[PDB]
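What follows is one chain in structure tokens, specifically the form deposited without ligand 9J3.
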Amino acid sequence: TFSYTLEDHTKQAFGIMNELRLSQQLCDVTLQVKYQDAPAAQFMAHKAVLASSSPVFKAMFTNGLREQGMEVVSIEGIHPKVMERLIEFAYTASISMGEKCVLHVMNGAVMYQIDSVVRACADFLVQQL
């Protein structure tokens, strides 16, 4: 038989998936993030990508109904910049923040069960000791 594997494929395909998000193409969920007194922000994304990086989004989005088009989801208790950085991680495999943001990002990462980011933010805080 003939078998082939492209190792770079998942990297490349996520790169295009990130482009479609930035271009707001094929998106099926809009996250409206309102936190205390910070201004409300909005993030469009693909439920499949969010589901692939966060067990909490997967269950949030996998329900028996066939949702028709564009679902709005109200998100409480996480800052816009934290949500943004988590979304970016889901689409890029990387995340970046200043040394004083690390704590709020772990909170958000714990809240959405992004085990890779939790473990990393935990490593950082412990090393500052």
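We number the residues from 1 along the sequence you see.
As for the form solved in complex with ligand 9J3, it is not shown, yet the points below apply to it.
With the partner removed from view, the residue among 101, 93, 44, 41 that has a non-hydrogen atom within 4.5 Å of ligand 9J3 in the deposited complex turns out to be 101. Think of it this way: in the deposited complex, ligand 9J3 has a heavy atom of just one of 97, 27, 73, 56 within 4.5 Å, and the residue is 97. Shown alone here, residue 81 lies within 4.5 Å of ligand 9J3 in the deposited complex, counting heavy atoms only.
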